[PDB]
Amino acid sequence: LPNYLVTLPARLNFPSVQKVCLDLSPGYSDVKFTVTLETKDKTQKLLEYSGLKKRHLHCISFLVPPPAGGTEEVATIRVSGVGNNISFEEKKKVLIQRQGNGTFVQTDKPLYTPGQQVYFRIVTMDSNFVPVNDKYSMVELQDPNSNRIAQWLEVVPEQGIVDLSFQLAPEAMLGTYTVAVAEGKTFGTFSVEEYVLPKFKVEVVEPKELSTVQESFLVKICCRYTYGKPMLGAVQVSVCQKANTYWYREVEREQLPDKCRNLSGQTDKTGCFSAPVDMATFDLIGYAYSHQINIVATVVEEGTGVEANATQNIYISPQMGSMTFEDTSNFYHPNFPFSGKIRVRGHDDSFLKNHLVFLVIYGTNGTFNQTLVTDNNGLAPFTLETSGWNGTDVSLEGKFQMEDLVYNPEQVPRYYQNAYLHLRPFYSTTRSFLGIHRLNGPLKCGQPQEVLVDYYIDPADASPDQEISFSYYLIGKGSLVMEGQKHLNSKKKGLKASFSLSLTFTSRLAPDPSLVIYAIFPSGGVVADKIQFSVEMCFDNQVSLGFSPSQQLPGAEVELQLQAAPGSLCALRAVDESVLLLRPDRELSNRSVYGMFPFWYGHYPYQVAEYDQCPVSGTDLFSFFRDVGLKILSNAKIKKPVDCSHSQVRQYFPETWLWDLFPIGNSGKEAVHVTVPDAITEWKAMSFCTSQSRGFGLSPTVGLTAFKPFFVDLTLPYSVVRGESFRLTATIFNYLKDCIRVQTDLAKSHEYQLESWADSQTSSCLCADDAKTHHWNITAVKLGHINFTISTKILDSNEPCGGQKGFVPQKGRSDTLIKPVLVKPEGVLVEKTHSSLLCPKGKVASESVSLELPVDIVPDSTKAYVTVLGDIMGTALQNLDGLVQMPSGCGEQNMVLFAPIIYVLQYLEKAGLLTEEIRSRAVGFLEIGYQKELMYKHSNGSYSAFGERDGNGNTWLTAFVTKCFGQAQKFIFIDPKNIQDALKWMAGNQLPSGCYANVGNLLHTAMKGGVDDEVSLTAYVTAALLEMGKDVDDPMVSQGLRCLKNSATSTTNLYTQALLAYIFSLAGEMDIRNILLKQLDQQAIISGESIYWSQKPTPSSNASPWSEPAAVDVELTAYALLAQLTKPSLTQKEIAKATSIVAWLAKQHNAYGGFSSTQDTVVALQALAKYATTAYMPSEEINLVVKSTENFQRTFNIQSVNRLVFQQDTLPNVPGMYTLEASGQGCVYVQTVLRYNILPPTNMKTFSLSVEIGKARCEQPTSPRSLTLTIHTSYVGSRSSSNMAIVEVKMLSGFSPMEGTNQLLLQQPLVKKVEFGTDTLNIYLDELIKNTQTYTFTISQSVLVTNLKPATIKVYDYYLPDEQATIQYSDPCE
Ligand SMILES: *[C@@H]1O[C@H](CO)[C@@H](O[C@@H]2O[C@H](CO)[C@@H](O[C@@H]3O[C@H](CO)[C@@H](O)[C@H](O)[C@@H]3O)[C@H](O)[C@H]2NC(C)=O)[C@H](O)[C@H]1NC(C)=O
Ligand SMILES: *[C@@H]1O[C@H](CO)[C@@H](O[C@@H]2O[C@H](CO)[C@@H](O[C@@H]3O[C@H](CO)[C@@H](O)[C@H](O)[C@@H]3O)[C@H](O)[C@H]2NC(C)=O)[C@H](O)[C@H]1NC(C)=O
Ligand SMILES: *[C@@H]1O[C@H](CO)[C@@H](O[C@@H]2O[C@H](CO)[C@@H](O[C@@H]3O[C@H](CO)[C@@H](O)[C@H](O)[C@@H]3O)[C@H](O)[C@H]2NC(C)=O)[C@H](O)[C@H]1NC(C)=O
Ligand SMILES: *[C@@H]1O[C@H](CO)[C@@H](O[C@@H]2O[C@H](CO)[C@@H](O[C@@H]3O[C@H](CO)[C@@H](O)[C@H](O)[C@@H]3O)[C@H](O)[C@H]2NC(C)=O)[C@H](O)[C@H]1NC(C)=O
Ligand SMILES: *[C@@H]1O[C@H](CO)[C@@H](O)[C@H](O)[C@H]1NC(C)=O
Ligand SMILES: *[C@@H]1O[C@H](CO)[C@@H](O)[C@H](O)[C@H]1NC(C)=O
């Protein structure tokens, strides 16, 4: 009878196109076939084909119909063949399933410091490696507290690629961040910590995984600096084996002592110490000790005493070798030779060449032995004659050695990993053979490959005149790739010959494709073979990367050759090799891209898995197609009839070098020139590109070696004082093989004095892996930043440098390093500010400033300038990042750089002056503020002044922060979970009377501005809510307002009156606003035309022209000015009263648009924003006249175009009298700023301040000097307790706080946060009482500076700069 064979994949993908094949044996000229696909919605007639007079295999392709269930659906494949007298039908079940899309997220590094800009990319592709260009609903970024800190909505890719960036905050939240795409369904993570710290690295070079067969192993501990030069010092080693912890507990049993072997010694001139450690010390065998050796190496530097450690754990493994079966199947053909290979490896996986290995054959006819020898690739080929096997199962085992190893049973056994193979005979009803040659190695993709096919045809299955049709099949990834038929006429080649197949491996073919070849004889029998290949993981878009040249000096040019398909867009990544080495994670690799998709599935899915229905009552041709994911319908004898009776510590993470997108032109190649970085390290680079024509591509990881012959290092102090001598330490390092003559020149300048003088000139000779140190005594002369230029260069010297001539390379002859050092003047800088509001109403408006100088002025510190702007807010606009020159490290003090930006933008938007250049600058500032604040978020959602270092949230600061994040949603993104969880916690702390409890107090009495009771807070929380736009019908407002009505009846405090007047100006109860505003007028102090309020007693009448900002008065005056400006329609008499209040608040400014502290700088600029929003006028032309005594004059111009422009000019004239003269129409804000240095006055009016100095060993001149400071302070001021306190400890020149100075102070009383600065240590104290407090820490000297000038210890109330104290301290050995 004639046969048929229908095949199609068992798993059909809805985006993919699949094939269904039909293999017809001859004899169907009257029988018509129709292969239909029967689903739920339709019956799709796939293939419709009648038979021929010969054997003809006819495949078709078709589009997969949509699965009905949205995700997947089981359908029915039906094959029917209707003829004259023949009618038969057959069905199978198949699985249609939606394709998975695999999305990846690549960050430029996987570890960042805070303040670095994080760049990342997002591309979605399908299993055909085609980039998806659909829009994404939401890309958001999450911080370690899982607060949503940025989002981009409706991002459209460019050729499938999304390129995004985010600026980290310079102290941003430490930990693991999360990048979410498409509602959290696909994501990636990256880390942020502080690093780059170590000066040198202790490296354990020789430690590697050990084996119990070693008698001793050599521990090699090499110590080299971070730039690579060796370091001399003493080494101590601790090579221990700890006792294995055991779960069982028994009385009077102790853990065994750690078997150790301690070693000590010194490094050689390579920086390495080495000593063998015998394995007899450690119990290599007992369960009572752990199987790991722990090596602790601690190295103290020769001379300086700098200590560093290293820990490497070494697991011990007894395994000595492995063996695997490659190029073999799990089946065989009887009577014909079965070939294979045996791969043999040692304990380190090296290919063991010419190794005698034993192949043992287990069978029914006896145990037979063959000896094999391996080749240079570690492969041992064999061939077994299956004619003597009688068609039975044979179990194969490859052994290293024949006799079994004899070991003591208590001892840990070393074993050899044998290879095993179970062979089932292929059931054939024919006596023929079909056997396929297999190819060696992972095959190169795209190249045509010739595969040889051996065959024998027994004459009892087919006549020797009959033409023989072999049909072959090629499967990749569980789908049909290639098909064909090889016809062989048995007269031309005989009945024993071979043929070849010309195959080409593409990317759509799997990394493991399957070739199945079969032929049906007229008896219905089948003979087949199945072989799987190893292909390189390729892509249809060839992307290459290349550097030209691949080695270059730092600072020079280099050509970056980038190649892809035409029309491709490429995403470059150039990274320090240390970054790819320290986390070899899922960085983008060919294995990672294939790893996204389940390509390993090549079996029937369980929804359409074909089981053998056995009546349970209490390797053939079908098994080949199931093993490649192919369903099969056939009537030939294809199946066996069913029988039923049952990281590391290697290096730093510096700059991401290159991160750009490059489009590839029509040429297919693109070359750009990039400048090589100054750092001496090797750069690894990779590129990935997308094209709609060729799909995704990926490059090889190519390198660029930035190498310079010699490196120089500058050890310089940061800041020194005038009159001091410091030690400039310059070291010169040689990385070459040869000795070079080097001459190091210190550039002569008039800005410092050299004590070396003419002794500095020489030319010392420096050989290989060698270093020469150069020092200069430098007396500090000029004040300011002084550049120190050192030019070290290689000479063409003929003197004996090394024995032969001194080497001169042709590139890298002269290295020049320039490092500046600040020479700060003595004492403390003082600032004085006379800010003026001149509104020329057509007339000439005039004011006069007198620059009076004190007597004991530190020289050259005198500078003064004048700032002119067309806007009263404009001084704060230029210094939004620098409003207050104070530490901003608490929960509230950070908000001095968040709140004022929001009111400025609301003013500039409502006045329309908001440019995109300004909006882009400002928006980025708020993002840096938002991140710092979230470090003070608690887990419940509230905020405190120091985060979780406080026990609870603070009621007032949470209401203040919530006020700002809601109004920030109009400009930048804010997570609503932060707003809602702050409101959820504050609603819980609302008291029954509608007032708010002061959890964490109402803050300090000059911070808050007031204290009297809890009603004072009920004022602010309701005020903040209404600022946010909340309703009067809001439950937190309405119950809040109900508590504020009976307590507005008999209220006495001046602050509380001005605060309440703001609230009822927002609440709309004008009846109570006017009662409180009139109580303000009777307390108003009018000085000239200025109207302000003050809780402090009235001065005589004299207000100093220079700013003396009472933070009580400044904050208080704005809350009145705010209460005035919330009447929705303003009279010209109310505008003028607001104008009269303004003429005092604008005078108290500092040099940066700030005032004196946190809230007052916020509240007053918040008020002046509401005034400038109300009183905005585009100024026509204001012409300002500046006059001085000694022939100095200056004219500025202010129009509506430069209203916001910061215009500044310094006064060349010595301090005298100056005259403003404002003419035009508009208003011009003019500020006068004076600076000088005086000696710090020992003022002890509000705080007691003293300093004890602990005993340093002055008689030790080669010890890193330690000074132990003991500081005493107390609040002797008028009130009971102070506010939050700063202890500002300026350092001595060349000193630094020791390791653990943070952790020392935090345990000591009242300390909340310790902060080390550049040259100043700031300590936060909660408050200071009248009890003398004592705080002690130790500082050490890192750079020698002599003739030490005194540094300044300063203690001051943060929210009251007027309540301060200042002392000095000096070196006791000087
Ligand atoms: C893998 O990615 C593809 C490509 O984006 C996803 O297919 C797309 O899914 C969307 C949403 O279901 C389809 O848009 C819709 O079009 C219909 C008309 O057919 C319209 O009535 C809807 O309102 C909607 O706009 C889009 O056509 C479809 N694209 C293709 C080529 O079919 C697919 O869902 C992703 N698969 C997975 C598992 O994520
Ligand atoms: C290698 O050297 C480093 C640096 O000397 C060692 O790290 C240090 O370990 C000590 C002891 O645990 C830490 O001090 C402790 O800090 C906690 C708070 O963090 C405090 O409550 C304790 O009272 C104590 O002072 C110290 O912070 C830590 N330093 C750093 C920079 O991590 C490290 O343990 C050494 N490793 C080996 C194997 O020798
Ligand atoms: C993933 O891609 C990497 C490239 O980043 C592939 O690395 C390749 O590794 C092989 C094996 O070392 C190298 O193949 C050799 O090529 C020479 C001809 O240049 C040939 O004579 C040798 O017999 C050998 O086949 C190859 O140079 C290297 N690079 C590239 C670009 O192919 C890696 O194989 C890929 N991995 C997978 C699983 O596909
Ligand atoms: C101390 O040395 C540094 C060099 O390390 C000096 O800074 C340099 O100042 C010059 C000014 O002529 C800069 O040249 C120009 O800079 C501008 C601004 O970016 C640029 O548009 C020009 O194309 C040109 O390159 C030079 O780049 C700059 N170098 C650095 C690294 O900032 C500094 O002025 C010296 N200070 C003293 C007190 O000696
Ligand atoms: C530099 O010269 C000054 C002169 O007073 C001396 O005191 C100091 O010790 C010298 N330092 C070095 C490193 O030579
Ligand atoms: C958070 O607030 C709740 C009250 O809602 C309080 O019980 C809890 O102790 C607070 N936790 C912290 C860490 O502030």
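Basis of the calculations
Residues numbered from 1 in each chain as written, not as in the entry; some residues may be left out. Chains lettered and ligands numbered in written order. Heavy atoms only, no water. Residues with missing side-chain atoms left out of burial classes, pairs and counts. UniProt positions renumbered as here; feature names shortened; annotations may be inferred. Helix = DSSP H or I, 4+ residues; strand = E, 2+ residues; numbered from the N terminus. Salt bridge = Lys/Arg side-chain N within 4 Å of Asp/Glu carboxyl O. Buried < 20%, exposed > 50% of the residue type's maximum accessible area, 1.4 Å probe, protein only. Domains from an automatic or database assignment. Pairing = 2+ DSSP bridges. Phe/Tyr/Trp six-rings, centres within 6.5 Å; stacked < 30°, edge-to-face > 60°. Disulfide = S-S within 2.5 Å. Near = heavy atom within 4 Å. Polar contact = N/O pair within 3.5 Å; in protein donor to acceptor, adjacent residues only side chain to side chain. Areas by Shrake-Rupley, 256 points an atom, 1.4 Å probe, with all protein chains shown as cover. Nonpolar A, V, L, I, M, F, W, Y, C, P; charged D, E, K, R; others polar. Expected span 1.5 Å × (residues − 1).

Per the PDB entry, the protein goes by Alpha-2-macroglobulin-like protein 1 and derives from Homo sapiens. Per UniProt, the protein has the following entry under Subunit: "Monomer." Within the UniProt record for the protein, the comment given under Subcellular location is "Secreted".

1. What to know about the overall build of the protein
For the protein, the count of helices and strands is 16 helices and 79 strands. By principal-axis analysis of the C-alpha atoms, the protein measures approximately 130 × 85 × 80 Å.

2. Focus: the pattern of salt bridges
Inspection of the entire model under this criterion finds 52 salt bridges. Measuring nitrogen to oxygen at the nearest pair gives 3.5 Å for the salt bridge that ties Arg 741 to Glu 799. In this pair, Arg 741 is assigned in strand β54 (residues 740-746) and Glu 799 in the loop between β58 (784-794) and β59 (814-824), connecting sequence segments 58 residues apart. Residue classification places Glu 799 among the partly exposed residues on the basis of a relative accessible area of 49%. Notably, a salt bridge pairs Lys 963 with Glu 1027, separated by 3.6 Å at the nearest N-O pair. Remark: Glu 1027 occurs in helix α9 (residues 1015-1027) and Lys 963 occurs in helix α7 (residues 955-968); sequence separation between them is 64 residues. Note on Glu 1027: relative accessible area 12%, which makes it buried. Residues joined in a network through salt bridges with shared partners are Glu 38, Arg 78, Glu 89 and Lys 91.

3. Re the domain arrangement of the protein
In terms of domain boundaries, the protein breaks down into domain 1 (104-192) and domain 2 (200-317). Computed over C-alpha atoms, the centres of domain 1 and domain 2 are 41 Å apart.

4. What to know about the sheet that holds strand β27 (residues 331-332)
The 5 strands lie next to each other as β27-β33-β32-β29-β30, forming an open sheet whose pairing is mixed. On the outer flanks of this sheet lie β27 and β30 (368-373), each paired with one strand and no other. The pairing of strand β29 (residues 356-362) with β30 spans 6 bridges and is classified as antiparallel. By the bridge assignment, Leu 356 is partnered in β30 with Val 373.

5. Things to note about the packing of aromatic side chains
Under the criterion given, the structure shown has 55 aromatic pairs. With centroids separated by 6.4 Å and ring planes inclined at 45 degrees, the aromatic side chains of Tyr 119 and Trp 659 adopt a geometry described as tilted. The class for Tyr 119 is partly exposed, based on a relative accessible area of 29%. Pairwise contacts between aromatic rings join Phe 104, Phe 129, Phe 539, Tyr 594, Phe 597, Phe 599, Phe 688 and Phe 696 into one cluster.

6. A look at the state of the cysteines
On inspection of all chains with the given rule, the structure shows 11 disulfides. Put simply, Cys 21 and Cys 59 are joined by a disulfide, and their sulfur atoms are 2.0 Å apart. The sign of the S-S torsion, about 100 degrees, decides the handedness of the disulfide formed by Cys 21 and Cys 59: right-handed. Residue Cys 21 is located in strand β3 (residues 17-24), and its partner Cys 59 is located in the loop between β6 (56-57) and β7 (60-63); the two are separated by 38 residues in the primary sequence. By relative accessible area, which is 1% here, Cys 21 ends up buried. Note that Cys 739 is cross-linked by a disulfide to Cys 767, the S-S spacing being 2.0 Å. Linking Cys 739 and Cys 767, the disulfide has an S-S dihedral of approximately 100 degrees and is accordingly described as right-handed. Placement of the pair is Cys 739 in the loop between β53 (725-734) and β54 and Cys 767 in the loop between β56 (765-766) and β57 (771-780), with a sequence separation of 28 residues.

7. Some details on the sheet that holds strand β11 (residues 111-112)
Strand order in the open sheet formed by 5 strands is β11-β18-β17-β14-β15, with mixed pairing between adjacent strands. Both outer strands of the open sheet, β11 and β15 (148-155), are each paired with one neighbouring strand and no more. Sheet topology note: the strand β14 (residues 136-142)/β15 ladder contains 6 bridges and is antiparallel. Paired with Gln 142 across the bridge in β15 is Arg 148.

8. Considerations on the site of ligand 5
Close contacts around ligand 5 come from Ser 725, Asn 777, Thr 1346 and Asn 1347, and that covers them all. Within the side chain of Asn 777, one N or O atom sits 2.4 Å away from an oxygen atom of ligand 5. Considering ligand 5 on its own, with 360 Å² of exposed area, one finds that the protein chains cover 50% of that surface. Tallied by class, residues from the shell around ligand 5 come to no nonpolar, 4 polar and no charged.

9. Structural notes on the site of ligand 6
Neighbouring residues of ligand 6: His 938, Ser 939, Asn 940, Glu 948, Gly 951, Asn 952, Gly 953 and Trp 985. Here an oxygen atom of ligand 6 sits 3.3 Å away from a polar atom, N or O, in the side chain of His 938. In this structure, an oxygen atom belonging to ligand 6 sits 3.0 Å away from a side-chain N or O atom of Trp 985. Within the shell around ligand 6, the residues separate by chemical class into 1 nonpolar, 6 polar and 1 charged.

10. A few points about the side chain of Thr 7
Tracing the chain through its elements places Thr 7 in strand β1 (residues 4-9). Among the polar contacts listed, one links the side chain of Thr 7 to the side chain of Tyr 473, at a separation of 3.4 Å.

11. Observations regarding helix α11 (residues 1054-1067)
Here α11 spans 20 Å end to end across 14 residues, near enough to the 20 Å set by a 1.5 Å rise per residue. N-capping of α11 is provided by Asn 1053, with a side-chain oxygen placed 3.5 Å from the backbone N of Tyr 1055. Where α11 terminates, the next one or two residues include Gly 1068, which has phi positive at roughly 90 degrees.

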